[PDB]
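**Student:** Dropping the structure in here first, questions after.
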Amino acid sequence: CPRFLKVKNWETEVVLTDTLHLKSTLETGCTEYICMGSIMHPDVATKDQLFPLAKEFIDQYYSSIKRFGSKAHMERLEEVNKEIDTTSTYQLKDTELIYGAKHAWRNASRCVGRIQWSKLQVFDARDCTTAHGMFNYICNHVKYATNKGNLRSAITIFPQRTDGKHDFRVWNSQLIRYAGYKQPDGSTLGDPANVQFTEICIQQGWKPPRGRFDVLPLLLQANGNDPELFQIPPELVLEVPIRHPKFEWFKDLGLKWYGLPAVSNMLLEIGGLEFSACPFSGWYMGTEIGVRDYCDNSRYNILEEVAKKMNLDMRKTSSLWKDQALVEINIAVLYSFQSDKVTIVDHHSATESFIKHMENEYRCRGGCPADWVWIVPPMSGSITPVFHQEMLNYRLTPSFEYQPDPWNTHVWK
Amino acid sequence: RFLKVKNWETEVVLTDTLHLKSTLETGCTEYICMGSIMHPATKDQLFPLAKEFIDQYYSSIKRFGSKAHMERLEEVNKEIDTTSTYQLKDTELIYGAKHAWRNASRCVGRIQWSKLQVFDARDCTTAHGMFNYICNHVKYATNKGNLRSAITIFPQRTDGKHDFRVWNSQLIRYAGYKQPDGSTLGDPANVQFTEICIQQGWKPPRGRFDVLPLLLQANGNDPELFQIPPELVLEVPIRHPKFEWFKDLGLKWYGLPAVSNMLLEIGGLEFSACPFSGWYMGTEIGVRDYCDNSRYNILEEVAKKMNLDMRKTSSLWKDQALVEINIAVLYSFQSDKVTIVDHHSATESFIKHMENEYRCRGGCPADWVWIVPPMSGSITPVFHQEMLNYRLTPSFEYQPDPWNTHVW
Ligand code: HEM
Ligand code: HEM
Ligand SMILES: Cc1cc(N)nc(CCc2cncc(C3CCN(C)CC3)c2)c1
Ligand SMILES: Cc1cc(N)nc(CCc2cncc(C3CCN(C)CC3)c2)c1
Ligand SMILES: C[C@H](O)[C@H](O)[C@H]1CNc2nc(N)[nH]c(=O)c2N1
Ligand SMILES: C[C@H](O)[C@H](O)[C@H]1CNc2nc(N)[nH]c(=O)c2N1
Ligand SMILES: [Zn+2]
């Protein structure tokens, strides 16, 4: 592969140069003959597979702290090696675990908010053994990160995978989501995207309120055991009711959303070690709620109803009634959140900060992998600076990875 | 491998087999994806390519291996052998052009692919000849507002020294002027080209919407300036249906979108000059042309006339101005009976087209980065549609700007 790759920004003519891609550790899905950049998703490690993976991580850790080739470095290599040989695995030091987590985020090519990658509170939950313990750890995470609306980014990391039959898993794909209920007539109540999961919860014993915005319980799996249900204390779930700075009628739509975006279904990979339960959270970009959650057809789909109250001609598409309503919904979301002093970032600010971040990363690190398809906001694309920014995508490690839904893989006891 | 693509909104899955046919590169590797990078012959090189195209041609008319096929293969071989090139049959020229459109992964308008009027200009020898051919193109394709897709194909490349080139990147564009006080009049993207015309004898009206002259190079010679007759250049005054003040902004645009800087490749032959034209998707003008910072950059002005609170980004004043500006463009074109499509309709049609292609062709190369409209992304169906990108020939390729390679 070429040593230097150049990326251009077409708005500003700025050309950046990328050397970091050479450290790419895995497959993107693309080949020389086909590109899969718009494809969403394109058993344990052996002693022999694990050795080089850990050395790679450790070397990079000691390289980061400016102690490469030092005594401490070679001792750590020797200690890890002995440990893998004797136990078929190894344990990270707390310093290494934190470094690993921050760099997983730093390496997340699909994340527009990485400017903050080094401010991340890491909670080490590797001493956890039961689902009840997972519940305590998770509640503690929610409260710390919510911080009465002044959100703080954080991750809680459960014990790594051992044999594969003892994984810890949060079954919710996000810590806080709303329930979805399929009706006999085929209409859905709540968030239609979570019908399947809601049904599992009800099967497992959940008593469903059957409202529009019901916070789902946690479904938590410890040490390969069957999952257990817990209700997050309502007082820990910060919520924001959506109103509009102009249309007094907007609050009549009865809309609200949760303040904490917290992904819980991904697998954290550090130095060959797999952390299958690693809930992490930041704060929302407005479009996530105002465009995707509210206006996707297979989601809350409020476009028509908002358009009606906006009194818009809705017979033609070329009136751009959808577009017009979309803007207002997003003005509302950003407005309601700022008013309740709950941290949120609009897509203009977020994308600008990312360009600054990206430029700094080329400077100091020699690149910054980014997935354009995800970075570019789902509205007003070309009026944000990232639309014009050429990006290179590649997978560096440590990383956050997708993994199978656990209800497909679980062996019930 | 058979490859699957899912739409996430409808959960529809299509199966891609067509991709097994490509030989050209995409730019990506197993380890690096360049999906957002804009720009990622002899007797021995030329024949297999020729063979492939002719083969795929006869395969498409259901006469593969025929006597017609075999002789054509023989004919083409003897010709490359003795002349270091070959000429396409007329039937082959049309097919080749239609399929280069059909394979244009960055084009959302491909549902129209086979309704293409092809003008053979391979008999052209001079820039005057070129100007005449292009004027006929503009007049036909413009058609008094009822636009018709077209392509005009000039002589192929021979030796690289005698190249046919249209120098303007598009047939119709507005001039851009560098002001004393640092600002810029007209289209800032065109300032260099605009300057090259002035440096060639173009007397510029120095307006905000001066149609540039044509700059045509024939057979490798110096290019020559020609003014398109104004009655052939249709334009549209932009007005808004509620904001009566909108017309006072003084905005117009041309009706004919016509790319002239690309290279059409067929059977290993290279047509360096092949202006092609369709009709506009509204966002092209409303979002990109009017509101890019490096372009006409009118968001601020419009937001002013709408009296929006422009202090913080989180008011989305920019987004608000954006939607209104686009409503006007669609409204104006529709009011002047000039063909235009809005991004909602174009994307629907494109998804429909994809379905067609998978069904009858086993796939459809598509560049998600380009297909997704530059505003209101995820409320158009293409946002949620996974696309596979790969390079099929015949194809439209980029080429260097002529002012960087030309020996005057
Ligand atoms: C601090 C403020 C943050 C902001 C503003 C932000 C912004 C975003 C946005 C808008 C997305 C796209 C989400 C979607 O479309 O579903 C995203 C994805 C992602 N973020 Fe960030 N994020 C933040 C914090 C974090 C943190 C703390 C982590 C991990 C430690 C993280 C890792 C990721 C990953 C791995 C994805 C891809 C998720 C997926 O593929 O489903 N982000 N981020
Ligand atoms: C008939 C109606 C058509 C519509 C509505 C349409 C739509 C579009 C749009 C919106 C773009 C993006 C342009 C940009 O962002 O600069 C595009 C690009 C493109 N179109 Fe189409 N198009 C049409 C006809 C055609 C025709 C007739 C051809 C060829 C004969 C064609 C081939 C291409 C190619 C090669 C590109 C990419 C150009 C580049 O890479 O700069 N399209 N089309
Ligand atoms: C760390 C982090 C930060 C941030 N701004 N957003 C996220 C995603 C949060 C999120 C919350 N609930 C639901 C989702 C869904 C939205 C719809 N997608 C299809 C799947 C993920 C995503 C994560
Ligand atoms: C065949 C065709 C159809 C269509 N609807 N649009 C196009 C693009 C036409 C077009 C016309 N003038 C100017 C441009 C520029 C706009 C700014 N871009 C950065 C480069 C291309 C593009 C081509
Ligand atoms: C098909 C396409 O890859 C898919 O719809 C992607 C597009 N870009 C996205 N971008 C973000 N931020 N989040 C998403 O879920 C998606 N979905
Ligand atoms: C860097 C990026 O590839 C560049 O901004 C692209 C993005 N997508 C685009 N999409 C279209 N339709 N037209 C364009 O000119 C571009 N520019
Ligand atoms: Zn790729």
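Just so we're on the same page: first chain in the structure tokens is A, next is B, and so on; residues restart at 1 for each chain, and ligands are numbered from 1 in the order they show up.
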How would you report the residues lying within 7 Å of ligand 1, as a PyMOL selection string, if you count only C-alpha atoms and all ligand atoms?
**Tutor:** chain A and resi 101-102+104-105+108+110-114+116-117+120+153-155+280-285+288+345+350+374+400
**Student:** What residues of the protein or nucleic acid chains come within 6 Å of ligand 6 when you use only C-alpha atoms and all ligand atoms? Reply as a compact mmCIF listing (two decimals) with N, CA, C and O atoms, in the first residue's frame.
**Tutor:**
# COMPACT_ATOMS: atom_id res chain seq x y z
N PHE A 387 -19.55 17.53 4.84
CA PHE A 387 -20.03 17.07 3.53
C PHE A 387 -18.94 17.26 2.49
O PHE A 387 -18.77 16.44 1.58
N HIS A 388 -18.19 18.35 2.63
CA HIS A 388 -17.17 18.68 1.66
C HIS A 388 -15.83 18.03 1.96
O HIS A 388 -14.90 18.10 1.15
N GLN A 389 -15.72 17.38 3.12
CA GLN A 389 -14.44 16.82 3.54
C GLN A 389 -14.27 15.41 3.04
O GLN A 389 -15.07 14.54 3.39
N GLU A 390 -13.24 15.17 2.24
CA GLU A 390 -12.89 13.81 1.85
C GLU A 390 -12.45 13.12 3.13
O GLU A 390 -11.80 13.74 3.97
N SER B 36 -15.44 8.20 -0.13
CA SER B 36 -15.76 9.63 -0.15
C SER B 36 -14.72 10.49 -0.85
O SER B 36 -14.85 11.72 -0.87
N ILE B 37 -13.71 9.85 -1.44
CA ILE B 37 -12.77 10.56 -2.31
C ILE B 37 -13.39 10.83 -3.69
O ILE B 37 -13.93 9.93 -4.32
N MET B 38 -13.32 12.08 -4.13
CA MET B 38 -13.96 12.50 -5.37
C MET B 38 -13.33 11.89 -6.63
O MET B 38 -14.04 11.46 -7.54
N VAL B 369 -22.65 8.29 -1.58
CA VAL B 369 -22.17 9.64 -1.28
C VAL B 369 -22.76 10.66 -2.24
O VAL B 369 -23.10 11.78 -1.84
N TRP B 370 -22.91 10.27 -3.50
CA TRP B 370 -23.44 11.17 -4.52
C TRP B 370 -24.96 11.06 -4.67
O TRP B 370 -25.62 12.06 -4.98
N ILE B 371 -25.52 9.86 -4.46
CA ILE B 371 -26.95 9.64 -4.69
C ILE B 371 -27.81 10.39 -3.65
O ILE B 371 -28.81 11.00 -4.00
**Student:** Which chains and residue numbers are within 10 Å of ligand 5, counting only C-alpha atoms and all ligand atoms, if I want them as a PyMOL selection string?
**Tutor:** (chain A and resi 36-41+110-112+285+287-288+292+371-378) or (chain B and resi 5-9+368-369+372+377-378+381-387)
**Student:** Running DSSP on the backbone, which parts of segment 147-328 of chain B land in alpha helix (DSSP H), as a ChimeraX atom specification?
**Tutor:** /B:191-198,282-283,290-291,299-305,317-328
**Student:** Identify, on the basis of only C-alpha atoms, every residue whose closest approach to residue 191 of chain B does not exceed 12 Å; exclude the query and any residue fewer than 6 positions from it along the same chain; express the result as a PyMOL selection string.
**Tutor:** chain B and resi 173-179+183-185+197-198+204+206+208+212+294-295
**Student:** Need the shell around residue 348 of chain A: protein/DNA/RNA residues with any atom at most 10 Å away, counting only C-alpha atoms. Skip same-chain ones fewer than 6 positions apart. Format as a VMD selection string?
**Tutor:** (chain A and resid 285 to 286 377 380 to 381 383 to 386) or (chain B and resid 313 to 314 316 318 to 319)
**Student:** Nearest to residue 321 of chain A among B:356, B:190, B:326, B:297, with distances taken over only C-alpha atoms: which residue is it?
**Tutor:** B:326
**Student:** Hey, what's within 12 Å of residue 230 of chain B if we count only C-alpha atoms and toss same-chain stuff fewer than 6 positions away? As a PyMOL selection string, please?
**Tutor:** chain B and resi 135+138-139+172+210-213+254
